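This report concerns only the one structure given below.
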Amino acid sequence: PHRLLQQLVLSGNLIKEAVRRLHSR
Amino acid sequence: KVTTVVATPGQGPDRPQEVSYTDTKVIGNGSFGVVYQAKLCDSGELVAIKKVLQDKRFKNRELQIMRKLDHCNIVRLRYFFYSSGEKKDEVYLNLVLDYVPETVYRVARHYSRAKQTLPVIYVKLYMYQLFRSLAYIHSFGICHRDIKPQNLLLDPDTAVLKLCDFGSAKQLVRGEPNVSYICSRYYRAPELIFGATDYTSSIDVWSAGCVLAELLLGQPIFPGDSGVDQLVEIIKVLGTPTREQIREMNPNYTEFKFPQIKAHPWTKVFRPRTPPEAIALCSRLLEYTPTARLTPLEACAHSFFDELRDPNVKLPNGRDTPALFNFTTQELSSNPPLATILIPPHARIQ
Ligand SMILES: CC(=O)Nc1n[nH]c2nc(-c3ccc(O)c(O)c3)ccc12
């Protein structure tokens, strides 16, 4: 949720994951 | 029931006085507290009363901000009064504000339900008044942090816009961290999604750009289903940020590798009959780089607002436009020379 975004920010995987979600749909 | 309280005037003097009001009704409820509508017994004038739980040992951020502001595009604080909170430190602060019957949200929803775009003159008028309110608050270092159509009040007859709800507002101080989870998701700046705590008042300019785009589209430009989905929505338009834009958004965020996505053309984001100056303005507000966004005063001086500076301009209802050029030294402080562009010859003192 909110925990997911914080994790993506800390892990430096936010853009990669957002790009994956764009292509997933 | 007639309620009589001892209240302090919003602007000054700090001299309390008896204020009587009636016709009290709940018009809003949230985590912050309760908002009531009431009628002042003396003048018959309508008011909004915002009631918030206050810590005795601390000054209310919202009151401190409100007592400083005196601008025609910001809801005026008429009076404030405290009421008993039962618990030792707990008290309630009541803000007596000017009542405004409509919102940009409701007006835009009306047109959206009718499958029609808001007339361009109202888009110019509302956006210009919003940028003026932002130029003003930003000159005190105050960031609203909740710019959305719901917080933009309207007098439907005069087309006067007034910025409201300073519940999320803060006087930003460089080097003092600020919360990243702030703003209404659809209007949240990308640096906030990237977890920046060193952000500036340019987050309000991103939100103002979202309002503009929404008035042009008839629906929110970035309707994210979550915080991550909010960035997905932004990427669909802006494409991926560059390594330099990431650094400018949050210098503490690092992303080694990621697939690069090209921006979608702005002229294809909007409907074909969208005024090109509105698209151009929007492209200068919805920028990843926070420092690349127009300042509110620069936005007021944008060519999109040139019709408002025409001496022959009138509202579609035939009335005169509200006051647009009564700029103060405070409002012009970020760029004083801009005054001679913002204040057209016909508006200058005789
Ligand atoms: C229907 C509607 O929105 N009516 C209102 N008239 N005036 C209002 N003022 C505030 C309001 C709240 C908190 C602030 O700090 C503030 O400046 C202003 C909210 C709603 C209203």
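How things are named: the first chain in the structure tokens is A, the next is B, and so on; residues count from 1 in each chain; ligands count from 1 in the order shown.
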Shell of 10 Å around region 11-23 of chain A, only C-alpha atoms, local chain residues under 6 positions omitted, as a count of residues only: 25
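With only C-alpha atoms and all ligand atoms counted, the chains near ligand 1 contribute these residues within 7 Å: residues 27, 35, 47, 48, 50, 62, 66, 75, 76, 77, 97, 98, 99, 100, 101, 102, 103, 153, 164, 165, 166 and 167 of chain B.
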For residue 336 (chain B), work out the shell of residues within 12 Å, counting only C-alpha atoms and skipping chain neighbours fewer than 4 positions away, then give it as JSON, numbers by chain. {"B": [135, 139, 297, 298, 327, 328, 329, 330, 331, 332, 340, 341, 342, 343]}
Next, write the just-selected residues to a file, as an mmCIF file, in the first residue's frame, keeping N, CA, C and O atoms as the atom set.
data_model
loop_
_atom_site.group_PDB
_atom_site.id
_atom_site.type_symbol
_atom_site.label_atom_id
_atom_site.label_comp_id
_atom_site.auth_asym_id
_atom_site.auth_seq_id
_atom_site.Cartn_x
_atom_site.Cartn_y
_atom_site.Cartn_z
ATOM 1 N N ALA B 135 0.900 33.364 -5.374
ATOM 2 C CA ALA B 135 1.988 34.351 -5.334
ATOM 3 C C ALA B 135 2.019 35.010 -3.963
ATOM 4 O O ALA B 135 3.091 35.172 -3.375
ATOM 5 N N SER B 139 4.896 34.328 -0.896
ATOM 6 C CA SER B 139 5.741 35.465 -0.503
ATOM 7 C C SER B 139 6.021 35.516 1.022
ATOM 8 O O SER B 139 6.946 36.211 1.462
ATOM 9 N N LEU B 297 3.708 34.155 -9.940
ATOM 10 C CA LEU B 297 3.722 35.475 -10.574
ATOM 11 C C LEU B 297 4.056 35.367 -12.048
ATOM 12 O O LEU B 297 3.449 36.074 -12.854
ATOM 13 N N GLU B 298 5.010 34.466 -12.411
ATOM 14 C CA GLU B 298 5.370 34.235 -13.812
ATOM 15 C C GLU B 298 4.165 33.666 -14.535
ATOM 16 O O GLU B 298 3.943 34.041 -15.673
ATOM 17 N N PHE B 327 -2.368 44.617 -7.250
ATOM 18 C CA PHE B 327 -1.186 43.956 -6.705
ATOM 19 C C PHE B 327 -0.538 44.800 -5.627
ATOM 20 O O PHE B 327 -0.471 46.026 -5.748
ATOM 21 N N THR B 328 -0.042 44.139 -4.585
ATOM 22 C CA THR B 328 0.644 44.821 -3.500
ATOM 23 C C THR B 328 2.130 44.508 -3.590
ATOM 24 O O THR B 328 2.521 43.543 -4.268
ATOM 25 N N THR B 329 2.951 45.307 -2.860
ATOM 26 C CA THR B 329 4.407 45.139 -2.801
ATOM 27 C C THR B 329 4.752 43.724 -2.311
ATOM 28 O O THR B 329 5.695 43.113 -2.820
ATOM 29 N N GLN B 330 3.950 43.202 -1.360
ATOM 30 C CA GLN B 330 4.111 41.862 -0.814
ATOM 31 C C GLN B 330 3.952 40.800 -1.922
ATOM 32 O O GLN B 330 4.810 39.933 -2.068
ATOM 33 N N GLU B 331 2.860 40.873 -2.689
ATOM 34 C CA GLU B 331 2.527 39.917 -3.745
ATOM 35 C C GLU B 331 3.541 39.945 -4.881
ATOM 36 O O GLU B 331 3.797 38.906 -5.494
ATOM 37 N N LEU B 332 4.135 41.125 -5.145
ATOM 38 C CA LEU B 332 5.133 41.331 -6.196
ATOM 39 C C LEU B 332 6.580 41.123 -5.753
ATOM 40 O O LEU B 332 7.472 41.230 -6.588
ATOM 41 N N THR B 340 5.025 45.997 -14.056
ATOM 42 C CA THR B 340 4.720 46.825 -15.225
ATOM 43 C C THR B 340 4.108 46.004 -16.400
ATOM 44 O O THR B 340 3.468 46.589 -17.276
ATOM 45 N N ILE B 341 4.238 44.665 -16.368
ATOM 46 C CA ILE B 341 3.626 43.721 -17.325
ATOM 47 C C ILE B 341 2.227 43.243 -16.791
ATOM 48 O O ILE B 341 1.232 43.173 -17.541
ATOM 49 N N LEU B 342 2.169 42.961 -15.478
ATOM 50 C CA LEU B 342 0.961 42.474 -14.804
ATOM 51 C C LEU B 342 -0.115 43.525 -14.650
ATOM 52 O O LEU B 342 -1.306 43.190 -14.643
ATOM 53 N N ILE B 343 0.307 44.776 -14.473
ATOM 54 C CA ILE B 343 -0.602 45.906 -14.327
ATOM 55 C C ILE B 343 -0.677 46.647 -15.667
ATOM 56 O O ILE B 343 0.239 47.398 -16.008
#
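Summary of the local environment: counting only C-alpha atoms, residues at most 8 Å from residue 200 (chain B), other than itself and those fewer than 3 positions away along its chain, are residues 143, 172 and 203 of chain B.
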Considering only helix (DSSP H, G or I) as DSSP defines it on the backbone, what residues of chain A qualify? List them as an MDAnalysis selection string. chainID A and resid 2:11 14:23
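Across the structure, CA of residue 299 (chain B) and CA of residue 120 (chain B) are spaced 16.3 Å apart.
As for CA of residue 123 (chain B) and CA of residue 265 (chain B), they are spaced 21.7 Å apart.
In terms of minimum interatomic distance to chain A, B:192 ranks closest within B:308, B:192, B:217, B:74, counting only C-alpha atoms.
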